[PDB]
Amino acid sequence: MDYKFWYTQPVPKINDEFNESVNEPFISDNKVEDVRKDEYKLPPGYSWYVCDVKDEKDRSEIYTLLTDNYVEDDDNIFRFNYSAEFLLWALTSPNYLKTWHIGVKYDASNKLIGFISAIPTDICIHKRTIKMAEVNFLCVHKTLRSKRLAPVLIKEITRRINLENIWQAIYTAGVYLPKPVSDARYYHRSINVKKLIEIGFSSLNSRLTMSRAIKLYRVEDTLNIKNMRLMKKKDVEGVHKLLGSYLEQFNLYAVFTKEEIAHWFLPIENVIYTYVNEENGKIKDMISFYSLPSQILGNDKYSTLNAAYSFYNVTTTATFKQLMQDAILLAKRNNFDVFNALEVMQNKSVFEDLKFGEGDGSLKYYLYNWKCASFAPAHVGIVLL
Ligand SMILES: CCCCCCCCCCCCCC(=O)CSCCNC(=O)CCNC(=O)[C@H](O)C(C)(C)COP(=O)(O)OP(=O)(O)OC[C@H]1O[C@@H](n2cnc3c(N)ncnc32)[C@H](O)[C@@H]1OP(=O)(O)O
Ligand SMILES: Cc1c(C(=O)NCc2cccc3ccccc23)oc2cccc(OC3CCNCC3)c12
Ligand SMILES: [Cl-]
Ligand SMILES: [Mg+2]
């Protein structure tokens, strides 16, 4: 790995190590006036396209590109299948820029073959809050891989973000790149045991027969926190206080405004689920998970694995274990087959007791143009989609 593209960028070399006394840009005093006003050049026959995710047909284009070409597991058994509705949610948060939703079309067919996106958010890293872009959904058509199109998309979005006087970004990826600020393994909790076996997600042994596996993962249909209920607009102030106060302990987290709390947490069916426990007009506990199904490649019986992904969870009237037990139950009540989580915040503390299994790799967290100490993933307090 020579990282010929990445070593041109303001990111740590593979062997850079910085102390906690270092928490600053690689390149400071940047000037918006000096940013290139020209679009990056694409190979002949391809063109930039600005996607309007609020237009159903453009959003469908992006949906099709990612359905066919996005992230797969290591066995190329499953492929993420973010819904069109979910995309609309993920990309139109407060003060989003349409111009940071960038496609690349093949001119001869008029088809989208590449995409990259960002949204703006304030990010607190080691107690310093910085306006950043949160980058996601980088995708190149499977037919056009290893042609160095991804550096083009990354340089063009970096240009458009710099035009807004933003000079840092946050992103995650399963591949190792220079250089993670933190690295968090994923774990899963089986809900529909038998389906997870049948599609090859989970396995059995002579010691764990099918019926024993179903008994091992069986959950009581009663909440530990009885009044946990879907979040409503009235709860926005309360969730802003409860989650805001909790997040301040972490080395890395988004600093949400009230408008951001309403966007990111008010529930949308098949997209985002937030439940709250109100006691005396105060929000005292919250659970939230989002829907990210995967397409099950070449399966006769099942086309989709319906997966809930843990988002932000806070308790002050129960244990974390009790709260996360209730999160699994609420995911089961909404028809999910499995509950997935990263070893961030307090999550790893409940994985053993709650019957989570360890997955097959890790999600690396990264900053662009930021020099700082790295840290264990329990100190991460942000989850990207
Ligand atoms: C101030 C603002 C700053 C804004 C921007 C911040 C930075 C945002 C950065 C993006 C954050 C995205 C976050 C995100 O979306 C979440 S991670 C999910 C990324 N998407 C997928 O994995 C979908 C399936 N794969 C693909 O579509 C292609 O394999 C992709 C497009 C990933 C790469 O296409 P390709 O046809 O396989 O490859 P080439 O075009 O020939 O390019 C090779 C170069 O790409 C470097 N590469 C490979 N994968 C990367 C990845 N996941 N991040 C960053 N860099 C990655 C690679 O190391 C090499 O550089 P190097 O030669 O130095 O080693
Ligand atoms: C990327 C990821 C993985 C992950 O890659 N797990 C392997 C895996 C198993 C089964 C089906 C799969 C389908 C597509 C890709 C991977 C699959 O596991 C997570 C568990 C929690 C959060 C995650 O990453 C978030 C959500 C997805 N986009 C980037 C940030 C991840
Ligand atoms: Cl260049
Ligand atoms: Mg390429």
Side-chain angles (χ1 to χ4, degrees), residues 83 85-86 88-90 92-94 119 121-122 124 189 191 219-250 253-292 306-336 338-342 344-351 353-354 356 380-385:
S83 80
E85 300 63 38
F86 186 107
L88 174 62
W89 179 65
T92 63
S93 48
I119 53 173
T121 165
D122 285 63
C124 192
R189 207 300 178 165
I191 305 172
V219 327
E220 166 57 27
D221 190 44
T222 298
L223 287 159
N224 296 130
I225 300 161
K226 66 191 171 159
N227 296 334
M228 191 67 33
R229 46 154 178 89
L230 278 168
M231 190 196 170
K232 289 186 302 138
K233 242 184 222 175
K234 52 176 217 231
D235 301 322
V236 172
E237 179 180 352
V239 169
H240 180 240
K241 295 182 170 150
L242 178 76
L243 175 61
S245 191
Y246 177 76
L247 291 175
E248 293 191 21
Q249 65 193 281
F250 298 112
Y253 57 95
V255 189
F256 290 91
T257 62
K258 290 165 33 153
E259 302 81 346
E260 286 170 316
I261 295 291
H263 184 91
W264 291 114
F265 295 96
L266 289 176
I268 297 173
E269 268 185 37
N270 301 126
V271 174
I272 171 71
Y273 292 81
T274 303
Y275 285 93
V276 293
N277 182 39
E278 184 179 24
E279 295 196 354
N280 294 275
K282 295 231 267 111
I283 302 300
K284 297 207 179 167
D285 307 270
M286 75 181 278
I287 287 167
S288 65
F289 50 85
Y290 61 86
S291 181
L292 164 49
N306 266 126
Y309 285 70
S310 180
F311 194 44
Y312 290 93
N313 296 288
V314 188
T315 188
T316 67
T317 76
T319 70
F320 200 71
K321 177 180 155 170
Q322 292 169 335
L323 177 80
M324 297 301 290
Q325 176 156 243
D326 283 6
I328 295 162
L329 172 57
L330 288 163
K332 170 182 188 95
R333 284 177 174 183
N334 286 279
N335 200 202
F336 287 99
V338 61
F339 183 89
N340 288 302
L342 301 162
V344 300
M345 297 178 281
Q346 297 162 90
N347 289 346
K348 193 175 184 298
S349 69
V350 309
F351 288 163
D353 288 338
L354 306 181
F356 285 68
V380 176
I382 190 168
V383 172
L384 311 177
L385 309 173

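The residues of the chain are indexed from 1 along the displayed sequence. Atoms considered below: every heavy atom in the structure, side chains included; atoms not considered: hydrogens, waters and symmetry mates.
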Return yes when atom [atom1] of [X] has more than 12 non-hydrogen atoms of other residues, nucleotides or ligands closer than 6.0 Å, and no otherwise.
| X | atom1 | value |
| --- | --- | --- |
| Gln249 | CD | yes |
| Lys232 | NZ | no |
| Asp122 | CG | yes |

Let me confirm one number: the [atom1]-[atom2] distance from [X] to [Y], rounded to the nearest 0.5 Å.
| X | Y | atom1 | atom2 | answer |
| --- | --- | --- | --- | --- |
| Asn313 | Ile287 | CG | CD1 | 6.0 Å |
| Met324 | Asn224 | CE | CG | 12.5 Å |
| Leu330 | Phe336 | CG | CZ | 11.0 Å |
| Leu242 | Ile283 | CG | CD1 | 8.0 Å |
| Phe356 | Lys348 | CZ | NZ | 12.0 Å |
| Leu354 | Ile328 | CG | CD1 | 4.5 Å |

Task: Polar side chain donor-acceptor pair, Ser291 to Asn270, under 3.5 angstrom - done: no
Open item on the list: Can you confirm if the aromatic rings of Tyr309 and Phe289 lie within a centre distance of less than 6.0 Å?
Closed with: no
- [ ] Taking the six-membered ring for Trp and the single ring otherwise, decide whether the centroids of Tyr290 and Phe86 are under 6.0 Å apart.
- [x] yes
[X] side chain near [Y] side chain, heavy-atom distance below 4.5 Å:
| X | Y | result |
| --- | --- | --- |
| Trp264 | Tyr312 | no |
| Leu323 | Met286 | no |
| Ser288 | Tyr273 | no |

Can you list the residues that meet the salt bridge (charged side-chain N to carboxylate O under 4.0 Å, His left out) rule with [X], with sequence neighbours excluded?
| X | answer |
| --- | --- |
| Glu237 | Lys241 |
| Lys321 | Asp353 |
| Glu279 | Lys284 |
| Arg229 | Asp235, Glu278 |

Task: Residues that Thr92 engages under side chain to side chain donor-acceptor pair (under 3.5 Å), provided they are two or more places apart - done: none
Task: By side chain to side chain donor-acceptor pair (under 3.5 Å) - contacts of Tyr275 (at least two apart) - done: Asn334
Task: Least distance between heavy atoms, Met228 atom then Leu223 atom - done: O-CD1, 4.1 Å
TODO: Apply the test side chain to side chain contact (heavy atoms under 4.5 Å, CB included) to residues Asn340 and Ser310: give CA-CA distance (whole Å), side-chain angles for both, the deciding distance (0.1 Å), then the verdict.
DONE: CA-CA 6 Å; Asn340 288 302; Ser310 180; over 6 Å; no
- [ ] Take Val383 and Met345 through the test side chain to side chain contact (heavy atoms under 4.5 Å, CB included) and record every step on the way to the result.
- [x] CA-CA 10 Å; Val383 172; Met345 297 178 281; 3.7 Å; yes
Open item on the list: Between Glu260 and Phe265, is the side chain to side chain contact (heavy atoms under 4.5 Å, CB included) condition met? List the steps.
Closed with: CA-CA 8 Å; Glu260 286 170 316; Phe265 295 96; over 6 Å; no
Task: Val219 vs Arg189, side chain to side chain contact (heavy atoms under 4.5 Å, CB included): CA-CA, chis, key distance, verdict - done: CA-CA 11 Å; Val219 327; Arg189 207 300 178 165; 3.8 Å; yes
Open item on the list: What I want to find out is whether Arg333 reaches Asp221 closely enough, with some N-O distance under 4.0 Å, to be called a salt bridge.
Closed with: yes
